[PDB]
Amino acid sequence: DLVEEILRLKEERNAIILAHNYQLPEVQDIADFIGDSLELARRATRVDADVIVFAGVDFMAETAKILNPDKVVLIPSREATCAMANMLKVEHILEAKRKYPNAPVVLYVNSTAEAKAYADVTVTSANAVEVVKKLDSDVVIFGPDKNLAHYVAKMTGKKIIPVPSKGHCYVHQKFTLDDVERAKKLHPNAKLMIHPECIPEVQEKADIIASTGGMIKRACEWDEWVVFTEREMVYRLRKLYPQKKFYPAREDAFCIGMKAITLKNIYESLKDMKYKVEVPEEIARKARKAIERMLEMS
């Protein structure tokens, strides 16, 4: 009975479980808070727990550690990684920063703490449009996702410099126009939730374009949705709105890094206090300054 033992160990450790929307259904059923990365980290800043067990990928647990340095942030598996965030290196930021020294370095939250030390302001897939448009410069260095960069470039009108060149998410890259055509034929009455990390030609056929947190907010606008993101988001939406109907655009659209977290290693995470996520004091200083600047900009 892992559920019973995890709940006991969670109490004995004075811990709180934070799970991303892409986590397995069994993981979400035992989580205290569920949402996207920045929300989960921002919800922990008002909470007294000694330990944070972050059911998510590496950069998410890092962000929680930067915003909660007084807590022990545990990751159940060091293999829970984001393939897109690891594509962006500091050699890529310093390169574009040499040719555009007046362009601010805007980095997606899906990035390493080391990369955030060179960023002037972080952004999520929910506030990227307003933050970039509120910036003083017309040139913006944006990464690592080039598909989100295209969406921000199309909404703000400012020329976006994507960094790196081929930075993208392989999960949301799976969605093609044939998946859009297949959805409209299987569910003709359903609207289309499409994540901004999808390719632009898929974005332009969406009913709404929003992050997983935005999909939850704007789900009330219709009773039937086809979800173009990680498949485990469908379970999250079904638990929140049981009266509505949700369908995955692709069942094979799954994140290996997210699936590295199971109910077993969460139990072992609380038992052995592993694996601790630490961020250099140096790096957490500048990375937090970019996050707090994002929060001051909504």
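Residue numbers here begin at 1 and follow the sequence given. Definition used throughout: the rigid core is the maximal C-alpha set that superposes within 1.5 Å between two forms.
Once the rigid core is used to overlay the structures in 7 other deposited structures of this protein, the stretch among 64-72 and 241-249 whose CA atoms lie farther from this form is 64-72. Taken in 7 other deposited structures of this protein and fitted on the core, 213-221 and 130-138 differ in how far their Cα atoms move from the shown form, and the one that moves more is 130-138.
Comparing 70-78 with 115-123, the higher mean C-alpha B-factor in the PDB entry belongs to 115-123. The PDB entry reports B-factors from which the mean C-alpha value can be compared for 28-36 and 44-52; the larger average falls on 44-52.
Across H150, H168, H195, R98, the greatest Cα temperature factor reported in the deposited entry is at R98.
Between the residues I209, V140, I216, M155, the entry's highest C-alpha temperature factor is the one at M155. When all modelled residues of the chain are sorted by CA temperature factor, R13 is found within the middle third.
Annotation for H172: CA B-factor lies in the lowest third of the chain's modelled residues. When all modelled residues of the chain are sorted by CA temperature factor, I93 is found within the middle third. Among the modelled residues of the chain, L135 sits in the highest third by CA temperature factor in this PDB entry. The deposited CA B-factor of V129 belongs to the highest third of values across its chain.
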